[PDB]
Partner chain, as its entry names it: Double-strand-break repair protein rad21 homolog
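Before any questions on binding or motion, here is one chain by itself as structure tokens, the form deposited without its partner chain.
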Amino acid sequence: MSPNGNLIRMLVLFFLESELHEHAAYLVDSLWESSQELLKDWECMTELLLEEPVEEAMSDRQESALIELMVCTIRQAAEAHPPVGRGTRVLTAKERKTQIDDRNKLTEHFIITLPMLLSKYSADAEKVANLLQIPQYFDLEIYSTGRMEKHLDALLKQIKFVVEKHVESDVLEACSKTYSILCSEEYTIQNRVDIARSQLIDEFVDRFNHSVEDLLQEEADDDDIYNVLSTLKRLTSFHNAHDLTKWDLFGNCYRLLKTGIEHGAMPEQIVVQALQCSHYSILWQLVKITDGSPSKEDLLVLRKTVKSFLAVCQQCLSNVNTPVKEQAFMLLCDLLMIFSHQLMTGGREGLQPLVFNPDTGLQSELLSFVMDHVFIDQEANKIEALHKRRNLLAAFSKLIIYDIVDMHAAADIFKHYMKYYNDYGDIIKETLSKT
């Protein structure tokens, strides 16, 4: 009760104070054979996080660490195997009997408790985003069984509160996934969740649309810019896993982008988002046309939209801000691969009119950006910045293999930059071997 509250309050210390476990998930896994009972006392944890102290309190850092360890205990219990990167795998009678029971306990528990956790820590992005990893492991049918409808409203009350307080990519993406999980995976609750959502959205589209109109008509306030980007972000986040096509968002994005090309004076994050949103709008328009039995005008309407957007993305390569160029490029290398001749695979030859071949002028810019923004001259930030350029190239690499860009002009650049490996490599190899 308080005995297990000591063991866990010291476990959060042993993890934070010693460098002996860098990864929470690995720590929990290592103790799991020996210390399962203790590590599945979720009532003990949720207590320590919600209670007020008598004496000694918890530190913001230690709180964050309990939340993180907790989620890792919830996963290991649900999945009933060591985490990604410690695995090997056939449960026995009892192992499976235990798993079902653990899933029951953490669902029955967290349905009640997770609304309250979110409540208290509502403004802590890192904490909120880590708590929202928990529903995926719910036995969601129990939002019926336990007559627990009151608590599902309570999660949704709190998820609404978070998205309304937050603009960080981690929180919103975390909130979005949670809605996807609460939806599809049991009809019983699907209808209730669907409404809380499409009302959540409506409030944000009305807010975005007014902001957009505010911005463009205006001299343009620091607020005008706050409001446009603030709302857009919430919607872009959601539009990846949520089919927001019914709200014509592509329209206002396309205006913001067009205003930022024209008068050259659109803030860099508005543009990047405005893009990423448009792109999600387009992918969703495509799916409805793939799975439907679509008409001639249908194809030709989406086509006109795609060709107008491919031009925006191309144009946005010229934007001063390199975050824009990177996005612009990343979408160009995606879109040109999607609306390639591959689109006519699986007897879907009806889609010919959608296919796009990128011109010389565009191909010469898709080379430009590589030479300028992959292959540059000159701590934690830089290993991350590298894997990005890596991805930017790997996504351009796909266009080279299927001759969507001039493959010869590309390999000529790959010559020019790999020179010092062709020209001096052997000599540097055998040298470093003998030291």
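Positions refer to the first chain, counted from 1. The term rigid core refers to the maximal set of C-alpha atoms that superpose within 1.5 Å between the two forms.
We do not show the form solved in complex with its partner chain, though everything after this point is about it.
- Checked against its partner chain in the deposited bound form, the residues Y280, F208, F309, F110 give one hit for a heavy atom within 4.5 Å, which is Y280.
- The listed set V324, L331, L215, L114 contains one residue whose heavy atoms approach its partner chain in the deposited bound form to within 4.5 Å, identified as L331.
- Comment: 175-183 is the region of 151-159, 133-141, 175-183, 299-307 lying near its partner chain in the deposited bound form, near meaning a non-hydrogen atom within 4.5 Å.
- Of the heavy atoms in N391, some are within 4.5 Å of its partner chain in the deposited bound form.
- In the deposited bound form, its partner chain sits within 4.5 Å of a heavy atom belonging to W284.
- Contact annotation: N240 falls within 4.5 Å of its partner chain in the deposited bound form, judged by heavy atom distances.
- Residue contact with its partner chain in the deposited bound form: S30 places no heavy atom within 4.5 Å of it.
- Annotated contacts: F14, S18 and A93 are all free of its partner chain in the deposited bound form [non-hydrogen atom within 4.5 angstroms].
- The Cα shift for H21 between the shown form and the other one, taken after rigid core superposition, is 2 angstroms or larger.
- Put the two forms on the same core and the Cα of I428 is off by 2 Å or more between the shown form and the other one.
- Superposition on the rigid core between the shown form and the other one places the CA atom of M418 2 Å or more away from its counterpart.
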